[PDB]
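Below is one structure, written out as structure tokens, with a few remarks after it.
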4 protein chains.
Amino acid sequence: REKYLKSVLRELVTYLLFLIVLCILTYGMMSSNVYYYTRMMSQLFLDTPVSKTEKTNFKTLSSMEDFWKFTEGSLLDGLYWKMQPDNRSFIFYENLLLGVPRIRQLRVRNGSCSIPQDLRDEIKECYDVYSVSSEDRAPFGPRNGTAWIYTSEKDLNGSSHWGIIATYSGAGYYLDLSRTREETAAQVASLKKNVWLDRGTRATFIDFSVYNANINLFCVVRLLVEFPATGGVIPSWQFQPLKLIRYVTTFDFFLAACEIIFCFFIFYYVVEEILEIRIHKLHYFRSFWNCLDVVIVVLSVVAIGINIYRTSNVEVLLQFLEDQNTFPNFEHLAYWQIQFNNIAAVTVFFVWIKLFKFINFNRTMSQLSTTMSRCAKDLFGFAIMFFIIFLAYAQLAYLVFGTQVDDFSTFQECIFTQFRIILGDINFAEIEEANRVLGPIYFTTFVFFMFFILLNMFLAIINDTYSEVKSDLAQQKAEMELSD
Amino acid sequence: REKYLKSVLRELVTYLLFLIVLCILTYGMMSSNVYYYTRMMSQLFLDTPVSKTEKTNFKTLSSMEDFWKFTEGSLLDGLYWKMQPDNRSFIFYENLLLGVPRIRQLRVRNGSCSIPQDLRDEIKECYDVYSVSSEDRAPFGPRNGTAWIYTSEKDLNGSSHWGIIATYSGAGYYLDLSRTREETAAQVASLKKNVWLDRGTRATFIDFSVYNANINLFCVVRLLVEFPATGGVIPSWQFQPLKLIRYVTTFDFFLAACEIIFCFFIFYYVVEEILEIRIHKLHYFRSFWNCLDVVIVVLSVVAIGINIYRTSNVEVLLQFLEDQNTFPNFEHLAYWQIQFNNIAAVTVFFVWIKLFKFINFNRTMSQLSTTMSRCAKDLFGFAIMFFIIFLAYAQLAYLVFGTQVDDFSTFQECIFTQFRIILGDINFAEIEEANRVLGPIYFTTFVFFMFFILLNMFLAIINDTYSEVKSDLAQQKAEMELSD
Amino acid sequence: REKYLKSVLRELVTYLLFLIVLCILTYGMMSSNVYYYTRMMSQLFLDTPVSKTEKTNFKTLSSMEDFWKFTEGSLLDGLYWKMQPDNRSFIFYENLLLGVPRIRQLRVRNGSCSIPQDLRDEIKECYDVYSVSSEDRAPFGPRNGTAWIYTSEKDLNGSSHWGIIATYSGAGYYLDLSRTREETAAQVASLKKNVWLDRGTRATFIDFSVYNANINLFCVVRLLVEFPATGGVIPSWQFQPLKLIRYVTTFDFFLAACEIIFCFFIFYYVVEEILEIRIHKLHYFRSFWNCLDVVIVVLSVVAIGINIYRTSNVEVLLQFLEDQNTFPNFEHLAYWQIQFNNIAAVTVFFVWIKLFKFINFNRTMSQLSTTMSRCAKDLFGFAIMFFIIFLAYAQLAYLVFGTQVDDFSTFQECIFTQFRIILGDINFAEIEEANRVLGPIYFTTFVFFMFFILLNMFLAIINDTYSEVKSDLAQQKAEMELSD
Amino acid sequence: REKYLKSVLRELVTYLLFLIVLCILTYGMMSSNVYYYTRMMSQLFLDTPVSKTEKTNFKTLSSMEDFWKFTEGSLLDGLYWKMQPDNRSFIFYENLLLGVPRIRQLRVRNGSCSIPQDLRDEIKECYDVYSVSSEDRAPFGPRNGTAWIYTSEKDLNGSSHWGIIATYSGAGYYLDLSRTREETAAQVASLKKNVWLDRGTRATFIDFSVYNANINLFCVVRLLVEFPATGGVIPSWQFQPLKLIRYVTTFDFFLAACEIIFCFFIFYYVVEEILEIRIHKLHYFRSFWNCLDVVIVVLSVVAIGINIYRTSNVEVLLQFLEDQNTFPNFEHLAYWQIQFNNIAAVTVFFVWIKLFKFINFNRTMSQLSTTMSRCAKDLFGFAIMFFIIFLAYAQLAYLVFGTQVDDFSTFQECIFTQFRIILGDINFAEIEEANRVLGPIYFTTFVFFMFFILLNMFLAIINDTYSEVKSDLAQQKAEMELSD
Ligand SMILES: *[C@@H]1O[C@H](CO)[C@@H](O)[C@H](O)[C@H]1NC(C)=O
Ligand SMILES: *[C@@H]1O[C@H](CO)[C@@H](O)[C@H](O)[C@H]1NC(C)=O
Ligand SMILES: *[C@@H]1O[C@H](CO)[C@@H](O)[C@H](O)[C@H]1NC(C)=O
Ligand SMILES: *[C@@H]1O[C@H](CO)[C@@H](O)[C@H](O)[C@H]1NC(C)=O
Ligand SMILES: *[C@@H]1O[C@H](CO)[C@@H](O)[C@H](O)[C@H]1NC(C)=O
Ligand SMILES: *[C@@H]1O[C@H](CO)[C@@H](O)[C@H](O)[C@H]1NC(C)=O
Ligand SMILES: *[C@@H]1O[C@H](CO)[C@@H](O)[C@H](O)[C@H]1NC(C)=O
Ligand SMILES: *[C@@H]1O[C@H](CO)[C@@H](O)[C@H](O)[C@H]1NC(C)=O
């Protein structure tokens, strides 16, 4: 009674404070305005029409001509607003354009992959899909300024980006845009005249950044426009907000204090876990609750490391921007900001589920946790079998529909599409348009096996295992009644 | 036999009459035309295009320029219709514009939140997000009439409104529009010329009201246009119909009689409940059916109170409107009308579920109610655990997606989005566009745990508890067969 | 062995032939082209734009002006096609316009419902919602021709139609359009000039018909445009195809022979059922399979009656059309054609489920039918309770959302919306826009009770009852093993 | 121990290698770019607007006039791109138009089906729906060139296509388009002038092909435009990519080696299966795992046969194209390419499920496979009953909605629509617009029976059968405990 209950109360109170501190960190990271901030930026660049007298937008850029219309018209009419009655430009009035934008481009060599000898009469040229081996180093067109000559990824301060069809590395050819509107449009017109953008060009980035004074919040923009070798064009985007500068109001000091307290909490857990390793040399790794604790500790250490080694020291970049009007390179920081934010979120998710360990001081909740534990083995056993059939079905679907329907375009997405089908969300009209024989057969059979038969085995396994724990508890009550 | 069955018959008949009276009140409150009435009003103002030669509408106002186009063109061309061949204006011919509209505006001070010293070269101004502390009291632009000078919430007859991004209180700056069309457009043009609407402006209300003679039904309009500090614009609306005047036809007298009868019914319940409190001093609060009765009684008292203290005496406002052509302020009444309508609905919902108490005079229905009662404890025990995992998942989702996807924009909505995911309704394409690594992982894992494992524990708990009551009833039949 | 098996074989073979004949009738009624026939007609009139230089269509007619644009432009440019190089008009070339269209209108009296005395200064007129009592009999505008004078429902050959907001009876004011295009447009222009269509007008029908020579198929059109008293406009439509003339090819003779055979089959069933009534005077109505048989017999008699008393003798109408160029009134026949088609379908549905009676000559299928029979009582017992909670929830939803969201506009639809919610199809964004406090609460609670708790009681009832039949069969095998 | 485990290890390792080889074949067949290739082609022809100054596209061609606008404008402006500064045309620059397109047409005779004698005054012509009997052989209009004279399916090198409303066989009338743009437009204008396309015309194909040099990938196009006799127009499409030429890079040699290895694997299986037939003469066909093996063997033989007899020898066609500028007829090869791809996919699906046979060397997975085996009989027994009710419901729905809603247009699709309804995806608004009485009743009843009652019997059958295997294993443990 003395050692158990006191040690549980010691552990619980400290864990609850650790949770509260963790929830204060999450509340500080995410301000509730932020959504609307990014939404307005997206509306400006993505959703708006390209020119005044047509339907098309950024989201559905089809041609190279279309992309050229976007860069000349609506890209600029987003970035450069006529000054309110120096000549520094704002967005929406409230947001500040930092320095200038940048148009970057990669390109692939002439004859980078060999053509079959059957069609050597007609075709005298070829360019294959992006890879670091096949990327062009040589000059291009007019030999004039930085815009046309290649520059390596260590020469620039740029990193690799994970694009849609393929990963695009570092940099090659790039123009820095002007701070004024009329000079920019002249530079873009000169690029269009001399055909800077052509067949062989693969990845094109339009990058820049903004800062909102009102809520103290930087934000970067990365308009990637992939050109697949196939022919047409694929777009994407990224709007990452970013609390770059920290210390301003009383709320920030309070957030800073919590982060320091979190550090001491993590330190205490690390001591407590590894003290227990000294006691139990090889008996410690098998218990579930301890394993979960170690994972929370490791994530927290990684979060701290990302915060200290990288995210803190970056103020050097911002100080360089303060003294000039050139391009400011945030892009490398944002990449770590997202990664930090990811890891913190997963930490929170695991921290909340750990709370279970101190729930079972009531009878009913205790029996349910014992049911869940005993069923785990059977469910895991079934889960393998379920996945085998699931992944075969996905492979079938990929082989049939891969060409036609967006849903199953890559194998990565095919799984997730099938998961949506189980719930109740599917683009059936498109499947049926792709293949009228097998398409609906795949769909019927999948529903018939997965939804009526196999998903109910999970249930049957749980069901019976619950009944067996209730009978076990009834016999414990009846056998105790017989003994007394 | 005598005391039980007679007292049940006494209670049942009186309860059934109380239910019928309650259903007559609900039928009287809601006329089946009402939907189409509000639909036509919404179509006029929300859905229509802003100007003649463009795509945009009210629902997707992006810029301040856009809002200005709406107020000058389609707002007025909704309100003011060319008289059919005094000069009083109608809507659709059948509806009557009451008096005039009102354009209200709030605004925040210059330099209400401090700027960081790193960017003190470029930025010389700032305005933070709405709060009562930071709201501007001082004058503005031309010092001319009521439109530009501040007025407090007790000086005006206006209340606080619960807006989208933040709660907007009382009033500040406001113009009353003209009764004719051509004077209004001149006043709106003069506002646009002198920049009455600028950076720093937060909440803007366009209010007015209409009355339909044909079905005797007033209706208010509240076009709120929020300006978040971020930069752009967010719209909303509210179309509340309102049976203001009552006594006209034989149907209204019948409705009035029912409301009076309902009053005596409630009075009788109150006596019956509190007479039972005198009998059972501390044994009464634990039984479910009695607790439900007390809650129905409290709601009914609150409904009566809202009807008498406020909703009835408001005819003073309507009488003031009858003698003039100025702005009529319905807005304060409507707020209570909705609250009444809410509470009445919840009363009805609880009243219907109370009917259960007099269902169990058949064997099968009795066993099911006994199953539901015994399972309640286990289900409640599980419900806590289910919610812990659910709310952790929501917290994870909020941390990942909060910036990108509309669905999880606020924590309040994040829960409800997850509930939709379980059923079969989700915007998957948007999640995947926000975060390709973790986004679909969150979705898979959530489906895997919640939909295949955890939701089936509810079922398993019910299932086994039903089987145990059936075995208990079989042994009661078999043990009675052995005794006889 | 002799009496049972022979009598089962006698019954089965005759029933299978009756089923095959019934499936031949259904195959004959529905030709697989028919869908595309109606689809093209709908595209022409509903989906197309009103004028050349605007967005709006028939489906979203908002104003009276809009309706006037439709009748003058796209209505006529659908009906009248420039003759291919008599002057008889076609649709798509392949379809034939029969005679002419008709524009019918109803109207309500001046001051049909009394106005409150508070607003007697401004409002000097009123018109209430459609009813037969309040419908106007008197003349109107210019006293000229049939178009402006009222005519009763027995004077015309027209019936009542079940409209959307209210049932519209017979007729009142109507113009028959011309056979040529240029005369029609002059008549429509003259109506628009003198304001034939005004405030007080309620229901407006644009009726006509077409005949396709190519597949031998008539089709009627009923463009109803309701004007609710509220102010705006509501549209609907109806495109009923119709095999009017029968005897042409060998397929029709074969269909006719099957219908005659079906008649003798029904006759034989009637004798067989009522012979069994003579045997078992009051022991016959309780068994399920016999009850189902009687219902199939009654429906078949009703189907035959509708076929003979009405649908056959109508050729008189078609013969009158053959001799002239006036309006042909199909409308009364179509009403019975749909009713016949409904009843036949329900007959087929019941006939197929009757097949169960001759399935149970295998052991496994027999046990399942015995499980389904024993569970019926409990499920029925639960079904009542389930519906009580369901209908309370619907009543709550109706009281909250009735004004705002289309989904719950009428109580009839509210039920069906809730059924969709359970499956996985809901317009959540609209509910949340209607009421942010209670709206999502209604949705959460409904999902929590209905989807996690109550729908699984059905399952639990079945589950346990199946297990009890399996134990009963195991003891029958074990007790038979002990006896032998 | 020696014979079992060694023979299992022999079988397992060889099967795993066979699986890996099979997965290498699938990875080789489907390149991850392919989706985007077909997507860009579809965007060009389907989604784009017809003319510059209107809304309509290919997907929603309504009229013959509309089709004529497509062929004259956007068809050509897709195919023919202005040469970059011989005169050979490209698509997107990166893709190559092969030779030329082809416009093919079928037509039906005058008076092919007899008209009723009641309407012999007005109608003097008729054309019925496509069939080989009724197809026109005779000449047409100007007797000039190949475009107007009929040619049979054995005279041409063309096959039958499975269209939407009806199967269209071989060929009749066809024009080969020019290699240049300006000659094509003159030929299309001459067709439009002399009314080559008229009433009576049924199927129209616009065929051509492209080749991408960059990724070595041919692709065919088949723009079918069906004219139903009803009146209007129905479109469809088909974009089949095709790896025609093989041997180029090291990856292809590796793929070729794997295909040869697969051949020897299949050969070994065939010997192993039929060696076992020699041993067990009539005891072999009843076991499940052997039956599955035979089916995988048969599919593989069919896949090999399709690869050798047809898909390999087709290079003759490509060699004929290399020497000329005429039409190249790929169409016959593509048909087999899809069929091969189908069969391979189904082979993969079955191969993956075969893996189960070597899973059961752990206790938990073994019990689940024994549960699944014993339940199979009951589930199969229930499945029949379930389908009877399901197919009756479908028949009911078809009879009601067949005319109105797209969903249930054909009986083939009606089944699949009902399957979607169970999951949570349904167009409810359309059903309700088709029939307000019975429409929602069908939907309620279907949900009530199928979703709450019948789908849970599957579950109940599994549930109890799992519990019975767990009790059987518990008694095997307890009886073994008693014996020891
Ligand atoms: C591209 O490569 C081909 C084949 O090697 C060659 O004939 C041609 O001259 C090259 N063109 C350019 C512009 O480099
Ligand atoms: C090269 O760049 C200069 C400016 O540095 C510009 O004036 C000139 O037009 C460019 N050369 C050519 C050939 O266009
Ligand atoms: C706004 O505040 C800043 C900083 O205090 C000040 O320099 C400026 O004069 C103010 N402007 C106005 C218009 O009040
Ligand atoms: C002030 O208001 C008056 C009308 O009361 C108006 O005539 C005048 O234009 C306004 N003053 C200025 C400076 O615009
Ligand atoms: C309509 O009724 C009102 C009230 O009875 C009356 O004053 C008016 O003259 C009537 N007008 C017409 C056109 O009948
Ligand atoms: C009455 O109808 C006649 C044709 O019958 C027409 O000429 C005349 O215009 C109509 N009367 C008036 C006043 O318009
Ligand atoms: C079509 O057939 C009808 C009926 O046999 C005949 O009168 C007519 O001359 C035919 N027309 C043509 C163009 O063949
Ligand atoms: C027949 O075809 C020739 C070309 O071969 C063309 O010149 C002529 O216009 C055509 N005949 C008629 C009558 O159009």
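So you can find residues: chains in the structure tokens are A, B, ... in the order shown, residues in each start at 1, and ligands are numbered from 1 in order.
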What does the list of residues within 7 Å of ligand 8 look like if you count only C-alpha atoms and all ligand atoms, written as a list in words?
residues 142, 144 and 145 of chain D
Preceding selection exported with C-alpha atoms as an mmCIF file, in the first residue's frame:
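Once written, result-v6.cif looks like this:
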data_model
loop_
_atom_site.group_PDB
_atom_site.id
_atom_site.type_symbol
_atom_site.label_atom_id
_atom_site.label_comp_id
_atom_site.auth_asym_id
_atom_site.auth_seq_id
_atom_site.Cartn_x
_atom_site.Cartn_y
_atom_site.Cartn_z
ATOM 1 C CA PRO D 142 -21.439 12.641 -104.558
ATOM 2 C CA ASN D 144 -16.333 10.494 -105.325
ATOM 3 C CA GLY D 145 -13.273 8.755 -103.820
#
Would you kindly return, as a PyMOL selection string, each protein, DNA or RNA residue with an atom no farther than 10 Å from any atom of segment 458-460 of chain B, considering only C-alpha atoms and excluding same-chain residues fewer than 3 positions away?
(chain A and resi 459-467) or (chain B and resi 375+378-380+382-383+386+453-455+463-466) or (chain C and resi 452-457+459-460)
Residues of chain D within 6 Å of chain A, using only C-alpha atoms, as an MDAnalysis selection string?
chainID D and resid 35 37 40 92 94 214 345 349 352 365 423:425 459 463
Could you report the residues within 12 Å of ligand 4, using only C-alpha atoms and all ligand atoms, as a tab-separated table (two decimals) with C-alpha atoms, in the first residue's frame?
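New file result29.tsv:
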chain	number	residue	atom	x	y	z
B	141	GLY	CA	-10.61	61.92	-41.81
B	142	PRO	CA	-13.24	64.66	-42.40
B	143	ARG	CA	-14.94	65.57	-39.07
B	144	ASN	CA	-18.44	65.47	-40.50
B	145	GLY	CA	-21.72	63.95	-39.25
B	146	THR	CA	-22.31	60.71	-37.32
B	147	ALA	CA	-20.55	58.47	-39.88
B	148	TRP	CA	-16.97	59.29	-38.80
B	186	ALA	CA	-24.02	59.12	-53.79
B	187	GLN	CA	-23.28	58.48	-50.07
B	189	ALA	CA	-19.43	56.99	-53.58
B	190	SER	CA	-18.47	59.76	-51.09
B	191	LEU	CA	-17.26	57.13	-48.57
B	193	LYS	CA	-13.67	58.79	-52.37
B	194	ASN	CA	-12.45	59.79	-48.86
B	195	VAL	CA	-11.27	56.24	-47.88
Separation of atom CA of residue 274 of chain A and atom CA of residue 342 of chain A, in Å?
26.3 Å
So what do you get for atom CA of residue 188 of chain D versus atom CA of residue 223 of chain D, distance-wise?
16.2 Å
Among segment 20-264 of chain C, which ones does DSSP assign to strand (DSSP E) (computed from the backbone)? Answer as a VMD selection string.
chain C and resid 90 to 91 95 to 97 102 to 107 173 to 176 201 to 212 217 to 226 234 to 235 239 to 242
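Proximity to residue 347 of chain C at 9 Å, evaluated using only C-alpha atoms and with sequence-adjacent residues fewer than 3 positions away removed, yields residues 295, 296, 297, 299, 300, 303, 342, 343, 344, 350, 351 and 352 of chain C; 396 of chain D.
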Here is a test: counting only C-alpha atoms and all ligand atoms, which residue of A:108, A:291, A:210, A:275 is nearest to ligand 1?
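Of A:108, A:291, A:210, A:275, the one nearest ligand 1, counting only C-alpha atoms and all ligand atoms, is A:108.
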Point-to-point distance in Å for atom CA of residue 412 of chain A and atom CA of residue 30 of chain D
14.0 Å
Name the residues in contact with residue 90 of chain A at a cut-off of 12 Å, using only C-alpha atoms, excluding same-chain residues fewer than 2 positions from it; report them as a PyMOL selection string.
(chain A and resi 77-84+87-88+92-100+179-181+209-213) or (chain B and resi 122-123+231)
Write down as a PyMOL selection string the residues belonging to segment 140-385 of chain B that are assigned helix (DSSP H, G or I) by DSSP computed on the backbone.
chain B and resi 181-194+250-279+288-312+315-322+331-358+363-385
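Among the candidates C:137, C:109, C:363, C:286, the one nearest to ligand 5 when counting only C-alpha atoms and all ligand atoms is C:109.
Nearest to residue 151 of chain B of all the residues B:13, B:175, B:21, B:164 is B:175, counting only C-alpha atoms.
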What lies within 10 Å of residue 153 of chain A using only C-alpha atoms, ignoring chain neighbours under 5 positions off, as JSON, numbers by chain?
{"A": [158, 159, 160, 169, 170, 171, 172]}
Taking only C-alpha atoms and all ligand atoms into account, which of C:17, C:138, C:25, C:308 comes nearest ligand 5?
C:138
